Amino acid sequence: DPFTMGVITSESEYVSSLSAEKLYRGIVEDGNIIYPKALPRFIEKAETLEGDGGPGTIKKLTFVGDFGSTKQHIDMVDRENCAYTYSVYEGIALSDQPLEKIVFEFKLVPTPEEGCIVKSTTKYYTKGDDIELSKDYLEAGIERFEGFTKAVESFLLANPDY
């Protein structure tokens, strides 16, 4: 009768033209104003429910439309190294596979040629005794996460006055 758990990691990278510090400040420090400006058709509202922005903080995205809302629980905030981690605990099941949580993580690494390399990771933690997860689902999470980051980067470039 063993105890079983899966951790499934997806990693994706891309090179941003925006500097690491600006991209970091935008998402992590000004998320509450920038998320709805950069994704005005998808994110209706980004707000803080508990805490000051550091580890332990609970933030909340409300989506435009009949897509609900979701809470982010903030795990690591590292300004010096432009690194951010949070967890979502609710509404994360697939129609077949329950999840204990999803963890989202980025590190922005400054490059000379450009702004920075954006390193994004998603980790799905599985509830239960077996595992079934499809390419499309695994890729959807990483693709959405990286998309939020991309939209915030386009916004800040088109609007340096932030």
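Residue numbers here begin at 1 and follow the sequence given. Definition used throughout: the rigid core is the maximal C-alpha set that superposes within 1.5 Å between two forms.
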- Quick one: core-superposed, which stretch strays further from the shown model in 4 other deposited structures of this protein, 99-107 or 122-130? Go by RMS C-alpha distance. 122-130
- Message: Out of 108-116 and 55-63, which one drifts farther from the shown form in 4 other deposited structures of this protein in terms of CA positions, with the fit done on the rigid core?
- Response: 108-116
- Mean C-alpha temperature factor, higher of 15-23 and 141-149: 15-23
- Could you check which stretch, 87-95 or 67-75, carries the larger mean CA temperature factor in the entry? 87-95
- Message: Quiz for you: based on the deposited Cα B-factor, which of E105, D129, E44, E50 is highest?
- Response: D129
- Task: Quick one: which of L61, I58, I33, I117 shows the highest Cα temperature factor in the PDB entry?
- Result: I33
- Query: Hey, what third does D136 fall into on Cα B-factor, ranked over its chain?
  - Reply: middle
